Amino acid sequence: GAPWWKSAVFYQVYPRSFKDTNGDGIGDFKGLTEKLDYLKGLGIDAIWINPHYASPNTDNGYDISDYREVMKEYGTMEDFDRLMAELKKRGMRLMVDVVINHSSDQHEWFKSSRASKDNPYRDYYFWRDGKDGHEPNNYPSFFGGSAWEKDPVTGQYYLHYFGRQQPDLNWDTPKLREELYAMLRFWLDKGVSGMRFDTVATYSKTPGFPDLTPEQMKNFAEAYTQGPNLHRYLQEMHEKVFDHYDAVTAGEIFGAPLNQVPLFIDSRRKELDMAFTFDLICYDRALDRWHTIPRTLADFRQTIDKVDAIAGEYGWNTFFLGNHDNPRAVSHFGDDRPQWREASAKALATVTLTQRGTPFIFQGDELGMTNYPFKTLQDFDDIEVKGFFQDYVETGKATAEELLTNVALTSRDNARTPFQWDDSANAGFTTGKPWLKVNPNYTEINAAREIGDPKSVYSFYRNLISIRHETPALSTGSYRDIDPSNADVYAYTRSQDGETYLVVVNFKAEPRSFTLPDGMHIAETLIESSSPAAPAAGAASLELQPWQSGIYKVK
């Protein structure tokens, strides 16, 4: 049959904001472990946790100083091993982030590498002579300024596509690749069975490091994804590591042209199993990265369609509406106003759990958690906001009020407010002071209230997950968008083995009449949200309530 990961439902945990168990205001491993019964009851097959490794935390745990030790704030290695044992007892799996484009500059490999020109760690990184009293070339960093940083100790520059404190690892060095593979086995042998390769497209560097041409400088991110040994290295990794495990691998793919996505995920190529791309979640984001741009459902579905098409017959996509870097799903894609929050959250759940691909639910979206009501720029932890302030407010391009109004809608801090467990102090997230303020709407929106209520957003997610689990077409089935130009009602089929299901979701806060394709008829209604009655068997049309969603078997 199909690989386990194609029919699994994943849940993303950002452990810092999930559950604190020692009152320091920061979520931890023990907190996740104590909530596994909750996640199991929701119907979750596998949990992806954000970086859990030893890190100085200059970049949210993506600057790793020891790949074989855990992040101290989350707990100890034994806490981690206990988490794995409790997952295994429940038949659940763990996926981890793998950040091997670069390490922390505090990694012992880098401390050794930088110490002299002649040491066995020199080539674990990229060290080059400057040119003409300047850097080795004109490479810009994703985080601003030059991608080359001089080290007075040897007089050479080291490469960092990202932060200055994140030197790129040298995949051209076989010994380095072998270290990385050994490290991956360390985690897989502990029972980890999913690995998400962050910024996977930048692993391979261009031989000789020529200057970027003026055209390339205008999209340097794309140039950095075109290293000539990229797919060779991923194939080697697959052969040396993943051939020996049942684990799923996923690539965080960005910077590359859409048409290159299949190279990472086509099963025949033996590279990675599935793709994370950002076309949908960034579909309404302005170029400045803090404004939004008006879009419609037509744009939404067309974006879904082109990514689904790119996976084709042999590739596989993840699907998500939320993550740790983005505004809340219901606020972003639904309508978080009080009249529509629950209805639209349910509609987005139906979309999520009937998309072709492996769905990832972001912690708290199953409750219909919303964006946070920021009142001042001082309310943001978000390091990006500080940068926007410097680049746009201090330069006089925008006022602080304009920045606040808009980043409130787009900031990743919206996703990072603590998970709302109940209506006790700080929503039961912590007995102390939470590292980031809890949304005051926790008094209404919390797991304790929702789990006990058959009509809640939580209960609807759980019901959908059960339906998806028992309906093969809704995971591995084909997908067909009935009308990509329609900006009111999202309608599509999922089909497998002669069984065809129709999904219909009203994206308007108004009644809409929906006519099935001529010749198609409803056989059964599996589930609906915001509907007072299912259609009759034989129906050729639906009368949809505001934000109504449904899954139907068609004749």
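A residue's number is simply how far along the shown sequence it sits, counting from 1.
Colleague: Please work out which of 31-39 and 494-502 has the higher mean CA B-factor as recorded in the PDB entry.
Modeller: According to the PDB entry, the answer is 494-502.
Colleague: Of the two stretches 380-388 and 107-115, which shows the higher Cα B-factor on average in the entry?
Modeller: That would be 107-115.
Colleague: By the entry's C-alpha temperature factors, tell me which of 456, 303, 138, 370 sits highest.
Modeller: Top of the list by C-alpha B-factor: 138.
Colleague: Going by the CA temperature factor in the entry, name the top one among 259, 466, 235, 216.
Modeller: Comparing C-alpha B-factors across 259, 466, 235, 216, the top value belongs to 216.
Colleague: Going by the recorded CA B-factors, say which third of the chain residue 326 sits in, lowest, middle or highest.
Modeller: Within its chain, residue 326 is a lowest-third residue by C-alpha B-factor, going by the deposited values.
Colleague: Please say which third, lowest, middle or highest, residue 271 falls into when its CA temperature factor is compared across its chain.
Modeller: For residue 271, whose C-alpha B-factor we compare with every modelled residue in the chain, the answer is the middle third.
Colleague: According to the PDB entry, is the CA B factor of residue 15 in the bottom, middle or top third of its chain, that is, lowest, middle or highest?
Modeller: Answer is lowest: the recorded C-alpha B-factor places it there.
Colleague: Once the chain's modelled residues are ordered by C-alpha B factor and cut into thirds, is residue 315 in the lowest, middle or highest one?
Modeller: CA B-factor rank for residue 315: lowest third.
Colleague: Determine, from the deposited record, the chain-internal third of the Cα B-factor for residue 73: lowest, middle or highest.
Modeller: CA B-factor rank for residue 73: middle third.
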